[PDB]
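The next block holds one structure in the form of structure tokens; read it before the comments.
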Amino acid sequence: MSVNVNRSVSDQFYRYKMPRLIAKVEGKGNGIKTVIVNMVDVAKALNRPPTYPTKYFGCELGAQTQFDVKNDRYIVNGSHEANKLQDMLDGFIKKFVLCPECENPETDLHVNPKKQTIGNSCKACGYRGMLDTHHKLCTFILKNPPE
Amino acid sequence: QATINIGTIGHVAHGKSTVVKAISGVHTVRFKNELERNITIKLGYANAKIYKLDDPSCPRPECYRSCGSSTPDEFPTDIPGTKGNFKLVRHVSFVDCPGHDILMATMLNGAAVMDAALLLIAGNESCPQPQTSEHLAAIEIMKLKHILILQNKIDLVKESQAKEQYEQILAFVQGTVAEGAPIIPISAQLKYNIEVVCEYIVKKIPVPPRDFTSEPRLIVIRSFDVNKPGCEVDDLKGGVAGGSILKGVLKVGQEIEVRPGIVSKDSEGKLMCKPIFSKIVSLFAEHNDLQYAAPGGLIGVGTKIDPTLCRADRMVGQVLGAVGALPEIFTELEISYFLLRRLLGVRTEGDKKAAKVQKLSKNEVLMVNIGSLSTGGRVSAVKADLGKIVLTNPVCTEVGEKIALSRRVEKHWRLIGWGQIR
Amino acid sequence: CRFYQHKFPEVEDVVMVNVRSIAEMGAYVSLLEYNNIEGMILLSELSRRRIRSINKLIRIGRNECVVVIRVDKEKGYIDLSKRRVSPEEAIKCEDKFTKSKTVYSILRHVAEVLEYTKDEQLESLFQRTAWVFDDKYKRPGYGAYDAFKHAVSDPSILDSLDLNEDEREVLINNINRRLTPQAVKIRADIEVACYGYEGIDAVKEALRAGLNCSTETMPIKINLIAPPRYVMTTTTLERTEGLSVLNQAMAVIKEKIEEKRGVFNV
RNA sequence: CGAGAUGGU
RNA sequence: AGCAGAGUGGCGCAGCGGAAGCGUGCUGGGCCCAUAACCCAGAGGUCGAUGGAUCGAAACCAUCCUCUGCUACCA
């Protein structure tokens with residue numbers, strides 16, 4: 001299987017396409033993990049560091065997240081099988097990088113970590129601005145600027 | 001060598017591989033560690049023969065059946081004759097012209113090295129297809145009237161939509177070219193009717209005049225094959241130029257030169273640029289080596305140069321001749337010009353900025369073409385019909401009769417008109 | 001058998017060992033460079049910080065690096081420690097052990113001559129040649145492995161003493177079967193692309209002028225990553241000596257086209 | 001002064 | 001074509017010239033009233049062809065084979 005990057009658009013010819021995101025449920029009750037297997041390839045296909053899309057699930061779900069250089073596992077704590085992610089797999093696009101003028105997420109970020117500001121720019125119609133101040137992930141991005 | 005050379009010309013999304021194989025037996029290609037797309041996007045070739053039996057048909061190299069291989073579920077077949085002995089009509093080879101308007105300079109060069117055009121048509125976009133003016137208006141301005149039309153990808157298209165295509169084209173050409181080019185229909189998947197293309201390249205196209213004894217002239221476009229293996233790593237074979245001889249007999253050991261050559265290092269500008277010259281080391285045509293050559297045919301010419309010039313087509317659109325030849329070399333240009341009556345390149349159900357071209361200004365860079373070359377032109381002085389410019393690389397011609405002009409009217413240059421030297 | 005000059009280890013240096021059992025006060029161990037003699041590591045000497053399980057610091061049959069903290073010569077008692085050992089000293093211990101295991105693998109096989117009835121022949125073959133070849137060098141830090149490497153390039157080392165033919169050939173083979181890939185260790189990188197319209201004749205000097213006064217038979221090896229990135233091998237010399245030939249070759253490669261009306265970055 | 005969360009019948 | 005990896009003993013990561021190598025996954029047992037954390041033990045075994053030193057060859061060294069990786073070309 002393969003998919004469009006976002007499911008709010010039903011078009012077969014939509015500009016954005018990517019591999020599936022698949023995960024393992026591991027352990028037993030009071031200590032369950034969900035580990036995301038494709039995360040480095042999905043982060044490469046979306047042109048972002050793999051910390052940002054992993055951190056967004058913990059911000060929405062109300063859950064802990066882990067990262068590890070010794071084992072390369074990316075983890076969201078608790079059981080999040082099937083619909084518990086797959087109803088909202090669009091979200092890292094749908095709550096950040098859709099343009100309000102047109103539904104075309106051909107979109108870039110630049111971080112000014114010395115001055116508490118994240119700049120945003122979409123190629124599709126020239127839309128520019130910043131990320132939202134009520135939204136969760138802004139406090140993580142300013143402490144973790146892009147490569 | 002050859003008697004005539006034919007340019008296969010078209011637009012995006014019309015295909016290439018099946019029809020270029022059908023007229024020649026050869027797959028047009030460029031080597032890359034990557035998938036083959038719908039088009040060969042940049043100028044190429046296909047080597048060929050045209051032959052018959054005693055009765056009109058185009059056989060396979062085994063003469064008894066025309067049996068196909070382009071579709072997995074069927075074997076379309078006919079008998080040209082009961083294993084009859086084949087007869088060659090004439091020696092021919094194909095110029096595989098660019099598949100996209102992005103390469104329009106290289107397309108005008110391809111249309112100048114051919115003696116005649118095949119123009120290719122397909123059902124994949126709306127009826128009034130615009131390249132039917134864009135090629136043929138320039139081809140008439142470079143005085144090459146020899147034209148044919150070939151309707152390729154129509155395997156699932158009804159006869160009324162195939163009509164509406166050629167009839168809206170027949171209405172559209174009224175301001176840009178004469179209607180007098182025959183149309184041949186084929187199937188792209190089944191190889192149906194393809195031998196009528198072979199018959200029409202005998203029926204429509206004449207052998208053109210050339211001087212066999214006047215001073216040598218050659219056009220070069222291609223970096224021909226040189227390969228990595230060797231016990232000596234530099235200069236084992238030397239660089240080979242692919243081209244077509246315009247004028248004069250040619251021989252091995254003759255000194256030959258390229259007119260625009262190169263700008264000398266440590267020069268402060270356009271001064272001290274010079275021709276480049278050497279003895280011809282070998283010759284190639286029709287899958288044979290040669291000692292001698294003639295005007296009017298595609299040929300490979302061997303030279304002493306570094307193969308690092310040949311690992312890509314650096315040699316696109318160059319004019320060559322005998323060492324110390326007369327024809328004037330231009331690094332700056334005096335111009336007079338005229339612009340097209342519509343903006344051109346693509347079309348749909350109604351107007352998309354198709355109005356007349358806005359006048360030129362000095363704060364801009366043109367792409368400008370002469371003979372079978374190309375260069376970038378920067379303005380010293382201009383008016384809406386006339387100007388004076390300086391060139392990012394030199395160019396040459398035997399007479400200043402014509403130029404073709406392209407402007408940055410959007411992100412990449414489009415043709416907007418033509419002109420002459422003053 | 002013993003691998004070294006002396007009957008017992010010296011204090012405050014590192015030995016290679018193998019673990020045999022674990023008890024209430026410590027682990028019992030056999031030293032490998034000595035003839036399997038007994039010593040022990042106390043449980044207080046395993047770590048600077050709290051131990052979650054002992055089985056993941058030590059388990060039976062694994063080889064290990066430790067210091068000798070105390071010795072009594074008369075009773076044959078040796079105390080060992082692991083808290084002390086730095087990772088550089090563990091690498092140094094593996095080098096001493098590898099240089100010793102290779103020499104011992106020669107001498108144990110060379111001993112399979114004459115009657116070979118007892119370990120007396122092993123101790124007699126260890127004495128004289130192999131012992132006088134490194135007793136002189138204990139302070140500089142060499143072992144008989146270096147004397148064997150000298151005996152490979154010139155057998156006059158062996159001719160200086162009473163000798164056997166296995167002791168000559170097995171010694172040489174346990175170096176040469178590993179040393180014979182004396183492979184290429186320098187190549188040049190050059191950015192040159194050639195201006196010369198006579199190149200198919202003229203560049204055949206630049207391909208061949210790279211060293212003076214050779215035989216007519218002398219080869220060189222030439223390579224290419226891509227056409228503008230020319231590469232050459234410096235007469236198969238090692239990286240300790242070929243640096244002069246590297247600097248000369250790249251100068252000659254540019255000279256034999258700058259002599260011929262070319263110009264390039266120096 | 002090592003680490004010591006949680007709760008269908 | 002230059003340089004590098006792989007060729008399971010258990011998914012997956014590929015150690016070092018000693019017959020699993022360690023962090024991890026799977027399966028079972030202990031501890032607790034019980035679940036997680038923690039602790040311990042299991043898994044039928046020449047790892048593509050042809051030569052050579054060894055107590056020994058997936059892992060010391062030649063010569064062939066094939067696909068990837070980065071460069072980037074006999075096509």
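Here's how to read the names in the structure tokens: chain A, B, ... by the order shown, residue numbers from 1 in each chain, ligand numbers from 1 in the order shown.
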Pull out every residue of chain A sitting within 7 Å of chain E, counting only C-alpha atoms (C1' of nucleotides), and send them as a PyMOL selection string. chain A and resi 29-31
Tell me, as a ChimeraX atom specification, which residues lie within 10 Å of residue 99 (chain A), counting only C-alpha atoms (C1' of nucleotides); anything in the same chain fewer than 3 positions away does not count. /A:93-94,96,102-107,121-128
Generate the output file for the selected residues, N, CA and C atoms, as a compact mmCIF listing (two decimals), in the first residue's frame.
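Wrote it out as again_2.txt, contents follow:
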# COMPACT_ATOMS: atom_id res chain seq x y z
N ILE A 93 0.19 17.61 8.99
CA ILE A 93 -0.09 18.55 7.89
C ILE A 93 -1.30 19.44 8.24
N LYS A 94 -2.43 18.82 8.61
CA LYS A 94 -3.76 19.45 8.74
C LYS A 94 -3.87 20.54 9.82
N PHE A 96 -0.92 22.42 10.79
CA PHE A 96 0.34 23.18 10.68
C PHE A 96 0.58 23.84 9.32
N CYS A 102 -5.52 28.01 -0.18
CA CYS A 102 -5.65 26.80 -1.00
C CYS A 102 -5.06 25.55 -0.32
N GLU A 103 -5.60 24.36 -0.59
CA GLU A 103 -5.31 23.12 0.15
C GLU A 103 -4.02 22.40 -0.32
N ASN A 104 -2.93 23.15 -0.40
CA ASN A 104 -1.65 22.77 -1.01
C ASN A 104 -0.47 22.94 -0.02
N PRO A 105 -0.15 21.93 0.82
CA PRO A 105 0.91 21.99 1.84
C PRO A 105 2.36 21.92 1.30
N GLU A 106 2.70 22.64 0.23
CA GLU A 106 4.08 22.79 -0.25
C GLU A 106 4.83 23.86 0.56
N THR A 107 5.15 23.52 1.81
CA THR A 107 5.31 24.51 2.89
C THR A 107 6.60 24.31 3.70
N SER A 121 6.23 29.67 5.44
CA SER A 121 6.08 30.08 4.03
C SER A 121 5.64 28.93 3.11
N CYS A 122 4.55 29.12 2.37
CA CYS A 122 4.00 28.15 1.43
C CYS A 122 4.22 28.58 -0.03
N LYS A 123 4.80 27.69 -0.86
CA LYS A 123 5.13 27.98 -2.27
C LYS A 123 3.91 28.10 -3.19
N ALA A 124 2.78 27.51 -2.82
CA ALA A 124 1.63 27.32 -3.71
C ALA A 124 0.99 28.64 -4.19
N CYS A 125 0.75 29.58 -3.28
CA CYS A 125 0.15 30.89 -3.56
C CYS A 125 0.93 32.08 -2.96
N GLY A 126 2.09 31.83 -2.33
CA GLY A 126 2.91 32.85 -1.68
C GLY A 126 2.48 33.21 -0.25
N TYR A 127 1.62 32.41 0.39
CA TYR A 127 1.19 32.64 1.78
C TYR A 127 2.36 32.54 2.77
N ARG A 128 2.51 33.54 3.65
CA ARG A 128 3.57 33.64 4.66
C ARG A 128 3.05 34.15 6.01
Please determine the contact residues of chain C with respect to chain B at a cut-off of 9 Å, counting only C-alpha atoms, and supply them as a PyMOL selection string. chain C and resi 193-201+203-204+207+221-224+226-228+230+263
Identify all chain D residues at most 12 Å from chain A by counting only C-alpha atoms (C1' of nucleotides); ligands do not count. Present them as a ChimeraX atom specification. /D:5-7
Region 113-117 of chain A environment, 12 Å, only C-alpha atoms (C1' of nucleotides), sequence neighbours closer than 3 positions dropped, as a ChimeraX atom specification: /A:109-110,120,129-133,138-146
Generate a file of the selected residues that holds N, CA, C and O atoms, formatted as a PDB file, in the first residue's frame.
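This is the output file result19.pdb:
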ATOM      1  N   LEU A 109       9.424  25.886   6.954  1.00  0.00           N
ATOM      2  CA  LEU A 109       9.613  26.567   8.243  1.00  0.00           C
ATOM      3  C   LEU A 109      11.062  27.051   8.408  1.00  0.00           C
ATOM      4  O   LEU A 109      12.001  26.362   8.006  1.00  0.00           O
ATOM      5  N   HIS A 110      11.245  28.209   9.048  1.00  0.00           N
ATOM      6  CA  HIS A 110      12.552  28.732   9.484  1.00  0.00           C
ATOM      7  C   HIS A 110      12.460  29.221  10.935  1.00  0.00           C
ATOM      8  O   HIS A 110      11.534  29.952  11.284  1.00  0.00           O
ATOM      9  N   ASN A 120       7.000  30.901   8.712  1.00  0.00           N
ATOM     10  CA  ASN A 120       6.260  29.934   7.894  1.00  0.00           C
ATOM     11  C   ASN A 120       6.048  30.490   6.476  1.00  0.00           C
ATOM     12  O   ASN A 120       5.711  31.668   6.323  1.00  0.00           O
ATOM     13  N   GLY A 129       3.750  33.807   7.085  1.00  0.00           N
ATOM     14  CA  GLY A 129       3.402  34.217   8.448  1.00  0.00           C
ATOM     15  C   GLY A 129       4.241  33.511   9.518  1.00  0.00           C
ATOM     16  O   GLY A 129       5.451  33.335   9.362  1.00  0.00           O
ATOM     17  N   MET A 130       3.579  33.072  10.591  1.00  0.00           N
ATOM     18  CA  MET A 130       4.151  32.307  11.708  1.00  0.00           C
ATOM     19  C   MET A 130       3.219  31.156  12.120  1.00  0.00           C
ATOM     20  O   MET A 130       2.035  31.153  11.763  1.00  0.00           O
ATOM     21  N   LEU A 131       3.732  30.184  12.881  1.00  0.00           N
ATOM     22  CA  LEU A 131       2.900  29.172  13.547  1.00  0.00           C
ATOM     23  C   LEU A 131       2.123  29.760  14.745  1.00  0.00           C
ATOM     24  O   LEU A 131       2.525  30.754  15.344  1.00  0.00           O
ATOM     25  N   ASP A 132       0.984  29.150  15.079  1.00  0.00           N
ATOM     26  CA  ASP A 132       0.011  29.679  16.045  1.00  0.00           C
ATOM     27  C   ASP A 132       0.471  29.636  17.527  1.00  0.00           C
ATOM     28  O   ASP A 132       1.155  28.707  17.956  1.00  0.00           O
ATOM     29  N   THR A 133       0.073  30.631  18.331  1.00  0.00           N
ATOM     30  CA  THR A 133       0.516  30.769  19.736  1.00  0.00           C
ATOM     31  C   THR A 133      -0.275  29.931  20.757  1.00  0.00           C
ATOM     32  O   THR A 133       0.231  29.703  21.856  1.00  0.00           O
ATOM     33  N   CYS A 138       5.069  24.567  19.267  1.00  0.00           N
ATOM     34  CA  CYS A 138       5.953  25.738  19.167  1.00  0.00           C
ATOM     35  C   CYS A 138       7.046  25.775  20.257  1.00  0.00           C
ATOM     36  O   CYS A 138       8.194  26.121  19.971  1.00  0.00           O
ATOM     37  N   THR A 139       6.721  25.360  21.486  1.00  0.00           N
ATOM     38  CA  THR A 139       7.672  25.263  22.611  1.00  0.00           C
ATOM     39  C   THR A 139       8.739  24.187  22.416  1.00  0.00           C
ATOM     40  O   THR A 139       9.838  24.312  22.958  1.00  0.00           O
ATOM     41  N   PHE A 140       8.467  23.143  21.627  1.00  0.00           N
ATOM     42  CA  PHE A 140       9.451  22.110  21.293  1.00  0.00           C
ATOM     43  C   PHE A 140      10.370  22.539  20.139  1.00  0.00           C
ATOM     44  O   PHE A 140      11.584  22.346  20.217  1.00  0.00           O
ATOM     45  N   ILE A 141       9.818  23.160  19.087  1.00  0.00           N
ATOM     46  CA  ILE A 141      10.573  23.566  17.882  1.00  0.00           C
ATOM     47  C   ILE A 141      11.641  24.618  18.207  1.00  0.00           C
ATOM     48  O   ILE A 141      12.783  24.485  17.775  1.00  0.00           O
ATOM     49  N   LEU A 142      11.321  25.638  19.010  1.00  0.00           N
ATOM     50  CA  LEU A 142      12.284  26.685  19.381  1.00  0.00           C
ATOM     51  C   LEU A 142      13.487  26.167  20.189  1.00  0.00           C
ATOM     52  O   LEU A 142      14.574  26.736  20.095  1.00  0.00           O
ATOM     53  N   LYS A 143      13.316  25.079  20.955  1.00  0.00           N
ATOM     54  CA  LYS A 143      14.399  24.382  21.676  1.00  0.00           C
ATOM     55  C   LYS A 143      15.125  23.326  20.815  1.00  0.00           C
ATOM     56  O   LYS A 143      16.193  22.850  21.193  1.00  0.00           O
ATOM     57  N   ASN A 144      14.591  22.985  19.638  1.00  0.00           N
ATOM     58  CA  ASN A 144      15.122  21.976  18.713  1.00  0.00           C
ATOM     59  C   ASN A 144      15.096  22.488  17.250  1.00  0.00           C
ATOM     60  O   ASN A 144      14.297  21.994  16.444  1.00  0.00           O
ATOM     61  N   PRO A 145      15.928  23.475  16.868  1.00  0.00           N
ATOM     62  CA  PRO A 145      15.896  24.062  15.525  1.00  0.00           C
ATOM     63  C   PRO A 145      16.341  23.071  14.419  1.00  0.00           C
ATOM     64  O   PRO A 145      17.136  22.163  14.680  1.00  0.00           O
ATOM     65  N   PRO A 146      15.840  23.227  13.179  1.00  0.00           N
ATOM     66  CA  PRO A 146      16.047  22.271  12.092  1.00  0.00           C
ATOM     67  C   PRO A 146      17.462  22.320  11.494  1.00  0.00           C
ATOM     68  O   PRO A 146      18.172  23.325  11.566  1.00  0.00           O
TER      69      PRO A 146
END
